[PDB]
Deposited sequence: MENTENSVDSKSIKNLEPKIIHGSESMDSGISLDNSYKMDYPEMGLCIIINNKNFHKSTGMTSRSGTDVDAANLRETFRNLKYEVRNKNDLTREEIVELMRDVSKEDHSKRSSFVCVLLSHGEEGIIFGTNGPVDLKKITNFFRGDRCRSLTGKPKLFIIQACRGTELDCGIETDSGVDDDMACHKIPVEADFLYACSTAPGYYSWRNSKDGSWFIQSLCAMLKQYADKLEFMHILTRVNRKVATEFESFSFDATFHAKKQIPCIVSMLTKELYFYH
């Protein structure tokens, strides 16, 4: 055998892996949370985009906090031995560190903990991608004119917005982040490493979108997504 390199994740397992999409649109009246118009556009775009990357996509709609936790636990208990990776997409209201079930909040840590290197052995050493369209607080960006491994290793959080900030969703077109993410994956998944795809997503969101509102507080605002990588290798969707 000739010289070997191992700077990239093995992505030629029999299966690419699961893509779990949690699409929360309608919230229990008692929570006072608004309906997330446009989120079905995001969910459909993600389903198609990841289907074409050969992920086994599962779409779930309007899950309570209990259902989110049980789904995640159950998924983490599957045998992923034949799968290259794992993807989870969360579309909901949020605050920093939190995603909302239809009836209340869920700690993101609680969700991702199920997939720790020591808790999901069939995903140990494989990339676990969490893609999140949700607010991280209420700040608005005004813009400016121009041998063991760590249990937290091999996670990537592709967050729609910077820490502390709102995240923007268009009721007609879908969210700025998800529409940009799907576009860049479609265009570049067969050509670029995933961090570089996400960097193009950052640029697209930052340059092509700006809010329009009759409310001065919410008008003319900008957004930058936030790539959080604990990955240990380059990730290419092809092989």
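- If you line the structure up with the deposited chain, the stretches without a C-alpha atom are 1-28, 175-184.
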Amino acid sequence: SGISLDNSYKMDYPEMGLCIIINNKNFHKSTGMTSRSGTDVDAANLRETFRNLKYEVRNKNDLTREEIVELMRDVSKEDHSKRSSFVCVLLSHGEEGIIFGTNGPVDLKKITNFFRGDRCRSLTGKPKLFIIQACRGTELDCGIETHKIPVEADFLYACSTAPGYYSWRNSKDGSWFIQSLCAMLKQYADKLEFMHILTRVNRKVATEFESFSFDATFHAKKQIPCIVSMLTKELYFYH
From here on, numbers count along this sequence of modelled residues.
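- Just going by the entry, 6-14 versus 223-231 on mean CA temperature factor gives the higher value to 6-14.
- Between 157-165 and 134-142, it is 134-142 that carries the larger average Cα temperature factor according to the deposited entry.
- Among 69, 184, 57, 178, the highest C-alpha B-factor recorded in the PDB entry belongs to 69.
- Taking the PDB entry at face value, the top CA B factor among 151, 91, 106, 129 belongs to 106.
- Per the deposited record, the Cα B-factor of residue 124 falls in the middle third when ranked against the other modelled residues of its chain.
- In this PDB entry, the Cα temperature factor of residue 114 sits in the top third of its chain's modelled residues, the highest group.
- For residue 209, the recorded CA temperature factor ranks within the lowest third of the chain's modelled residues.
- Ranked within its chain, residue 33 lands in the highest third, by CA B factor from the PDB record.
- Split the chain's modelled residues into thirds by C-alpha temperature factor. Residue 44 is in the highest one.
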